[PDB]
Structure formats: structure tokens, C-alpha cells
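**Student:** here is the sequence, then the experimental structure:
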Amino acid sequence: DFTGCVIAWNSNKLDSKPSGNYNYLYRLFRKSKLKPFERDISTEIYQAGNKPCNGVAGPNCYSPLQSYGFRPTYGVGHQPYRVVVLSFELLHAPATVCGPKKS
Amino acid sequence: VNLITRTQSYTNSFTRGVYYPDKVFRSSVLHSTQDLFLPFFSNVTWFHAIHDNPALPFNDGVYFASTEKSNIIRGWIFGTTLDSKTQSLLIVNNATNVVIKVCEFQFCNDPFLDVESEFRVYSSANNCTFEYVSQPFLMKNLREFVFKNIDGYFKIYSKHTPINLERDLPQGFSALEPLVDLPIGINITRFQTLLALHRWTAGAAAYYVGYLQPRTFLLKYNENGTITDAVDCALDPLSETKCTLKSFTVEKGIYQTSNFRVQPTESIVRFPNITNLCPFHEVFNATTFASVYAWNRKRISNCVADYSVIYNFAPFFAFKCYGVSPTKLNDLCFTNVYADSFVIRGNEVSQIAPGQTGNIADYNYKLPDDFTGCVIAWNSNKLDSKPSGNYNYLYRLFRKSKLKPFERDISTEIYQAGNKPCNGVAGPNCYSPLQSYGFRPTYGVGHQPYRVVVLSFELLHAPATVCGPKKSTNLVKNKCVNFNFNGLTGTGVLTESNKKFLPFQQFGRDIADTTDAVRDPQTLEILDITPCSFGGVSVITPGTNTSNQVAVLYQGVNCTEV
Amino acid sequence: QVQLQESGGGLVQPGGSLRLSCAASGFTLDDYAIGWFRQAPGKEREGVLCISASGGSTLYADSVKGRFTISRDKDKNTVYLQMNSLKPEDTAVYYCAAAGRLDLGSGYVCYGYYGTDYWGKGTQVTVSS
Ligand SMILES: *[C@@H]1O[C@H](CO)[C@@H](O[C@@H]2O[C@H](CO)[C@@H](O)[C@H](O)[C@H]2NC(C)=O)[C@H](O)[C@H]1NC(C)=O
Ligand SMILES: *[C@@H]1O[C@H](CO)[C@@H](O)[C@H](O)[C@H]1NC(C)=O
């Protein structure tokens, strides 16, 4: 039921380097899906087998944190993008945010 | 240090814990609301603490009620694991203040205060993420609190009420009012209460804790706007009648409340009739590999592919898939599989990637940018290298135009880079665009010969033929069952069949154009479908002023199933 | 936002002991492998030693094995080393550095050597000899 504004702009001019930008990572594996507007910073060796991983990335042991590759020569869909989203909480409590309306 | 011990008793909640759900004002109106509440006649766990596993689960929301006067009850700590691996909160409610610290604080055994150091609560964490403060004016009697977290929003409700000398919760009602809201936004799965012990000294305390649940209530506002009565909607059939009629009194007669259904127990699924095994042994190892310029392409279909045995055929390290995941290849069902095998140089493996540029990328093998598949490359220094030097593998060097995706070149000719024609003689401005690879056992890692196999998949555009062998859930019988049969979601009771479906029918419908007899794509069987039994519920009561006794009747159902 | 400042050093007699620390301020990477390097006048800069950020899987170099004792403290987000038994071959310019860990083969592996994202201003360690 999202209500709000989204502003997206390509930032390939500053987030791309000739050597390749790995500044940003994403989670690839997770036991359960994410609730709306929830993050996940905890880092551990994901286990995809019966045996415990024991902190070693061997067989059936993966890393749920994959680095992005950003370059200025990549395709438009592969270029980095900066997104700013504004979401509003409507009138349920004393409203606090609005423009300069003269009393 | 462990120096607090606890005992548990149990009590019925009677009917307490109704709080103003919203910020609005109403008067002389019977309203209906759906939210988290403490169900009537719930099972509250009385705790009696004297001086232990004080990691009390939090669940959705907590109702905390006490009757002590020494103010020995103070503070409430919340978290998920309360250790240095996951973020944890540090709500510490004292005389007239409240403070929050949320990060991966570790927690000990007895979360108490020396009295006033919270060092026995947390020690350290990576540069803490957040710190917050707030300032309240907090203050024979019962003190009741309700804490909840909704959509990353922590809200607290409270009420102080006077009670005569009694041992249990009283009758009557008491509305609760809000105090504080704040958006922490995390998984809190347990919480802890805190007390005061002065050095230490013996301590005694007792309180009641209950767990909230989502429910639907009906509340009655008086003329002054204060809640004075409330009725649940999921306790008794009489309560359901009261909720439906939207009144607190039910006259003599018979009324209809709701309907009952046989909730199906399990779920089942469909898969097709595939018994063949995909031949991965011939492709992954054949004691010989085609050249890169002429890559060998094989089509695999109409078989079950076991990608877990691929590791046992070639000595590689890990998969490299783009459109799918290496661990998610045994579930999806594809129409066709394409396998392209060749041998390339060690440093040119990097050129085997989507949208690559290089000699191999545009002259020997080109891949569409929307590739959905995997690539496996592994060294071949022990078979493709000779002391004299391997020369049976060649790659194209010169080409007029870059190669189109999934295109090969087999034609051999004399490339011309000058105005004059080559005339079949490799003279000036005449070259041979076929360079023999140089493989030696003393060469560097980037020059060792490497076997490369690229697998390409086709999505569900035609009836799929390649996927893993999971049974069609071993077709169950004589049970109301959920199911997702070939994209058809529903529920039903499945029984044997006496109808003669012709050789190749998959679904067979009725007058209502809904299926009634069915086959199986894993074994040719004929089965019948019926709806699970369901009906309506009626309640017969005398006048409310007469008695509270009721009678329940299930409409049109034999008195055996119920 | 991310800054690496280094404190400590000086001139001591051979066989002496020194403590040198570099502090990381504003660091935000969850997984990282901070690197340590030294460069004598006239020689290339090489790695010295490093430990894992997650649990402290230690690693040394052949020339400085045992002598160079290191420990990472996450409270101040700084790196501490104990250096004893100094010889004249240790005279170099020491730089502290920070870099991100490698994610290849679906694992957490800490790597040093070249390819370092950030570096410190460095100091001078001199042995009288
Ligand atoms: C509700 O409260 C009762 C106390 O009146 C608790 O007693 C449990 O009763 C069940 C069934 O008799 C037993 O299996 C448990 O072992 C009892 N718990 C004890 C002894 O600690 C219980 O918490 C609830 N009883 C229910 C739900 O039947
Ligand atoms: C919170 O912690 C639990 C306990 O490990 C974990 O399973 C869950 O994914 C975390 N997040 C949510 C939203 O529950």
C-alpha cells in the first residue's frame, strides 16, 4: 500500500572507477524472505548442506554477501543508480510536517 | 552472578486488558475493532521471584501487571538474542527517565542493577549504530502496562487503578491510555524484567505476565466517553451472536452467526512422467575436446538431470551461473538444455563471460547478453599438454566482423588484408586466421589449457522436459487437502473414480465447468474430486434477561462428523 | 568519512621494543582486511602481517614471524602491535592501510598484498645499529 515519492538518477559518473567499483554488496541467500522495510546486516557462512559449515567456506558452504561490479563502460542497466524515497505518515497523531501555511 | 530464583504459578486472566485502540473520541456508541488484545479468560503465568531463566519470550505483545508498592519493579529490557552477534536494545526505565541503546550488546545471566550500573547488562559492540534518550514524569493498587511493536513502532499503554485487599485480579474493567511511541524496528523475540537490590540484600517480588494475540473486540462507550464494557468475538457462540447483532443483549429466538468448514490438512503437487536420466557422463569427460573455434554443442531434453553428480565428473572448484543459482538447478523445469564444450587458454577464461570483449569473445564464441545458464572451467594440464608441445587445438585470429551470439565458424580460407587478391598463395597481405595453441607442462598458470563447458537453459515456453525427480507428493486419498496442481490452486477431497476418461484427457469438468475427474502426470490413474464438507452454525438462546445458556446447531450436517 | 591516523614510532637501539597503533575512524565496511606495509628507502613497499576481522585469524610474514605480535580491538576500531628484538634490517617507513575482503567462491577470505582501498600517512621507525 505504498504512498510516497521516488527519485532515481544514474550516478555512473561518480560510482564508477576504471579498476571496477566493488563498494556495494547484496545478500544472495536467506532462509526466509524479508518483511517490508527491513534490513539485514548480520554476516555468517550460509549453510546449504546437512553438515555444519563450522565457519569454513567449503562444500555446501556459501557467502550470502556478493559484491557489485560497477564500471563506467557497462550497460545502462548495469550502471549504478542513486535513489531517494520519501514516505509519509498520514494524519493519525498531531501532524508535524507540512509547508509554510499562514495561520 | 546468579543470585535470583523464581517460581511459577498460573491463573485465569478473567477479563482485563482493554485499551483505547485509537486516538479518537466517541460517546454512547458500540464500536468494533480488530487489533492485538489479551483474550478473555487467558492463562496468565504468575511469577514469584525471591532472593533462573529470565529470558522471557516477547511474542507479539506483552501485558505486565503488578501489585507491589516498594517500587522494586523497574525497567524492561528487550531484544532478539541479547548477545554480541545480533543487535539488541537497552531500554532501561528508571525513576524519571528512559534511554535506548540499540546494537549488538552482549548480555550476562542475571540482568540486575547493583544500585546503578548497567555494566551487568552490556559490555561492548562495533561502533554502536544508535543512541536515544527521552524524559517522562513517571510516578493497595494495581499497575497494568501493555507493550507492543507494530510495523517497527514500539507503543506503551498504562493504567494505575485502586484495588482493595485482595489476592487475585478483580472483576470490572479498566481502560488503558497511551504514553509513548518510538520506531526501533527490529526482531525482538524476548524481554527481561529488572529489580532493585542494594549492597547485597534479600528481595521479594511477584507479578503477572500475559501474551497478546490478534483478535476482534466490540467496545461500548458510555455517555462520558469512557469505556465501560467490552465483548470478545472468538470466545463463545453467544459472544459471536453478540458481535454479529452488534448489541450486548440477545432476545429470545434463533440467529445465524457464521459458517464452519473442514480445514484441509496437507498440500500436494503435480510433476510429469519423466523417467529418463540425462547423460552428463559423456559430455563432461570424453578423453577429447573440440577446439574453441568449433565448439561441440549437444542438446539434452526428455530426461531427469541430476546436477549434484556433476561435481563427481570434473575436477572443478565451484559453479558460475548468472540467470539462476548453482543450488537452485534441481527445482526449476526447463524445456531444452544446451551444452557447449571446448578447450581454451588459461588467461582467456576471463573472456568467457556475458558481454565480453576479446579474440575469443568476438571471433570464436559469442553469447547473448541475456544469458541464463552456467559456465564451468577447469584446468587440463595433465591431458592437453605434451613435452614436445600440443598443436591439435586451434583458434581463429582474424575475422572481417565480430561473431554473432551463439554462432560458430568452420570455414577455413586465406584471410586478405590488402587490395590485391590473395590468389590462393599466402604471400604479402595474406594470412591464415587459425593459430595453433601452444600448451606445455612448464607454462604459466594463465597459459595452461582449460576445459570449458557452458550450459544454457530455456525457460517455460514449451512443455518442459528437464527437472529433478520429486514425486507428485505420493497421491493421498480420502482427505481434505490443499493443492497446487500445475498452477491450479485450491482445496478438495480426493477419492477413487469410476469414470472412463479417454486415453489423453488431463482435466475433466462438470456442468459448472469445474473439474470433477482427473488423471496424474506421474502415473496414469483416474480419480474423483469432491468439495470438503462445510455448513452454517445457528445459535438458539432464550432472552438475555432470562439466562446465558445457549444451544448450537450445525445446519444440514449428520450428527457424526461435527 | 573513513580516516586512518597512525601514532607511535621513534629511534631505539637494536633489540628494543616498540608499540605502534593505527586508528580507523568512520569505517563502515562489515567485512574488511586492514593491511600493514613498510618501505625502506630504496626498496618497494611490502605487506607485513594481518588478521581476520571476524574472528582474528592471524597471519605473519617470514621476515617478521614471531617478532611482530598484532591484535585488533573493535572497541576503538584500531590495530595494535608489539614489536621487539629490532634489527637494522627493520629500518623502514611503515604505513597502515585498510581494504575490503574478497568474495569469490561464495566465502569469506581475507586478502592483503596490493589492491588496498585506503592508506595512512605513515611514520618512521629507525634502528641505531
Ligand atoms: C493453563 O494453566 C494451567 C494451570 O491451571 C497450566 O497447567 C498445565 O496443564 C497442562 C494440562 O493439564 C499440563 O500439560 C501442563 O504440564 C501444566 N503446566 C504446568 C504444570 O506447569 C498450563 O499453563 C495451562 N493449561 C492448559 C493450557 O491446559
Ligand atoms: C530476527 O531473529 C530471528 C531469530 O534468529 C531470525 O530468525 C529472523 O530472521 C530475524 N528477523 C525477523 C524479521 O524475524
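**Tutor:** Yes, it's here. Numbers count the residues shown, from 1 in each chain, chains lettered A, B, ... in the order given. Ligands and ions are numbered 1, 2, ... in the order given.

**Student:** with adjacent residues omitted, what lies nearest to the residue of chain A found nearest chain B?
**Tutor:** Closest approach between chain A and chain B, counting by Cβ to the nearest Cβ: residue A:48, at 5.4 Å. Yep, even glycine has a C-beta here, placed from its N, CA and C like the rest. Closest residue to residue A:48 apart from its sequence neighbours, by Cβ to Cβ, 6 or more residues apart in numbering or on different chains: residue A:60 at 4.7 Å.

**Student:** show me what contacts that neighbour?
**Tutor:** By Cβ atoms under 8 Å, 6 or more residues apart in numbering or on different chains, the contact list for residue A:60 reads A:47, A:48, A:49, A:50, A:51, A:53.

**Student:** what's the helix or strand for the fourth one?
**Tutor:** Under the assignment given by DSSP states H and E, residue A:50 is not contained in any helix or strand.

**Student:** which residue, other than its chain neighbours, is closest to it?
**Tutor:** Closest to residue A:50 by Cβ to Cβ, 6+ apart is residue A:60, at 8.0 Å.

**Student:** can you give me the distance of the one you found to residue B:85?
**Tutor:** Using Cβ to Cβ, to the nearest Å, one gets 22 Å for the distance from residue A:60 to residue B:85.

**Student:** go on, residue C:2?
**Tutor:** The separation that residue C:2 has from residue B:85, given Cβ to Cβ, amounts to 24 Å.

**Student:** tell me which residue is most central in chain C.
**Tutor:** Nearest residue to the geometric centre of chain C (Cα atoms, centre = their mean): residue C:36, 2.7 Å.

**Student:** state the distance from that residue to ligand 2.
**Tutor:** Using Cβ to the nearest ligand atom, to the nearest Å, one gets 36 Å for the distance from residue C:36 to ligand 2.

**Student:** how many neighbours does the nearest residue to that residue once chain neighbours are set aside have?
**Tutor:** Excluding its sequence neighbours, the residue lying closest to residue C:36 (Cβ to Cβ, 6+ apart) is residue C:48, at 4.4 Å. When counting by other Cβ atoms under 10 Å in any protein chain shown, one arrives at 23 neighbours for residue C:48.

**Student:** in chain C, what residue lies closest to ligand 2?
**Tutor:** Checking chain C residue by residue against ligand 2 with Cβ to the nearest ligand atom singles out residue C:30 as nearest, at 16.9 Å.

**Student:** what are the neighbouring residues in contact with the residue of chain C found nearest chain B?
**Tutor:** Per Cβ to the nearest Cβ, residue C:105 is where chain C lies closest to chain B, at 5.0 Å. If a contact means Cβ under 8 Å, 6+ apart, then residue C:105 has A:57, B:317, B:318 as its contacts.

**Student:** list just the nearest of those to chain C.
**Tutor:** If you rank these by distance to chain C using Cβ to the nearest Cβ, residue A:57 comes first, at 2.7 Å.

**Student:** next, count neighbours for residue 88.
**Tutor:** Reading this off chain A. Tallying neighbours of residue A:88 according to other Cβ under 10 Å, which is how burial is gauged here, yields 8.

**Student:** that's the wrong chain, I wanted chain C
**Tutor:** By other Cβ under 10 Å, 10 other residues sit near residue C:88.

**Student:** so it is in contact with residue C:40, correct?
**Tutor:** No: shown here, residue C:88 and residue C:40 do not form a contact pair, counting by Cβ atoms under 8 Å, at 10.2 Å.

**Student:** is whichever residue of chain C sits closest to chain A part of a helix or strand, or is it coil?
**Tutor:** Of chain C, the residue with the smallest distance to chain A, taken as Cβ to the nearest Cβ, is residue C:107 at 2.7 Å. Reduced to three states with DSSP: H, G, I helix; E, B strand; the rest coil, the structure at residue C:107 is coil.

**Student:** what sits against it?
**Tutor:** A:45, A:57, A:61, A:62, A:63.

**Student:** same thing but at 7 Å, please
**Tutor:** By Cβ atoms under 7 Å, 6 or more residues apart in numbering or on different chains, the contact list for residue C:107 reads A:57, A:63.

**Student:** then residue C:102?
**Tutor:** Contact partners of residue C:102, counting by Cβ under 7 Å, 6+ apart, are C:109, C:111.

**Student:** if we use 8 Å, what do you get?
**Tutor:** Contacts for residue C:102 were tallied using Cβ under 8 Å, 6+ apart; they are C:109, C:110, C:111.

**Student:** so the second one sits right up against residue C:56, yeah?
**Tutor:** No: when contacts are counted by Cβ under 8 Å, residue C:110 is not listed as touching residue C:56 (10.4 Å).

**Student:** between those two, which is the more surrounded one?
**Tutor:** Comparing residue C:110 with residue C:56 by other Cβ under 10 Å, the one with more neighbours is residue C:110, at 20 against 11.

**Student:** how many neighbouring residues does the residue lying closest to the more buried one once chain neighbours are set aside have?
**Tutor:** On the basis of Cβ to Cβ, 6+ apart, the spatially nearest residue to residue C:110 that is not a chain neighbour turns out to be residue C:33, at 3.8 Å. Number of residues near residue C:33 (other Cβ under 10 Å) recorded here: 22.

**Student:** can you give me phi and psi for residue C:33?
**Tutor:** Its backbone dihedrals place residue C:33 at phi -130, psi 90, with angles given as degrees, to the nearest 10.

**Student:** and chain C, which residues reach chain A?
**Tutor:** Residues of chain C lying close to chain A by Cβ under 8 Å from any Cβ of the partner chain are C:30, C:31, C:54, C:55, C:100, C:103, C:105, C:106, C:107, C:108, C:109.

**Student:** wait, the first one sits on residue A:41?
**Tutor:** Same thing as residue C:30. Yes: because the distance of 6.4 Å satisfies Cβ under 8 Å, residue C:30 is recorded as touching residue A:41.

**Student:** so between those two, which is more surrounded?
**Tutor:** Summary of the neighbour comparison: residue C:30 and residue A:41, criterion other Cβ under 10 Å, with residue C:30 having more neighbours (15 against 12).

**Student:** show the residue spans covered by the strands in chain C.
**Tutor:** Chain-ordered strands for chain C, with DSSP state E as the definition, fall at C:3-7, C:10-12, C:18-25, C:36-39, C:46-47, C:50-51, C:58-59, C:68-73, C:78-83, C:92-98, C:118-119, C:123-127.

**Student:** next up, the contacts around the most centrally placed residue in chain A.
**Tutor:** For chain A, the residue lying nearest the average C-alpha position, counting by Cα atoms, centre = their mean, turns out to be residue A:26 (6.4 Å). Shown in contact with residue A:26 (Cβ under 8 Å, 6+ apart): A:65, A:66, A:68.

**Student:** among those, who's most crowded?
**Tutor:** Comparing the contacts of residue A:26 by number of neighbours (other Cβ under 10 Å), residue A:65 comes first, having 21 neighbours.

**Student:** need the contact list for that residue.
**Tutor:** Listed by Cβ under 8 Å, 6+ apart, the contact set of residue A:65 reads A:25, A:26, A:27, A:28, A:43, C:30, C:31, C:103, C:108.

**Student:** quick check: which element contains the fourth one?
**Tutor:** In this structure, residue A:28 is located outside every helix and strand according to DSSP H and E.

**Student:** which residue, other than its chain neighbours, is closest to it?
**Tutor:** Distances taken as Cβ to Cβ, 6+ apart place residue A:66 nearest to residue A:28, at 5.0 Å, with adjacent residues excluded.

**Student:** does that neighbour touch residue A:25 like I think?
**Tutor:** Yes: here residue A:66 reaches residue A:25: they are 6.3 Å apart, a contact under Cβ under 8 Å.
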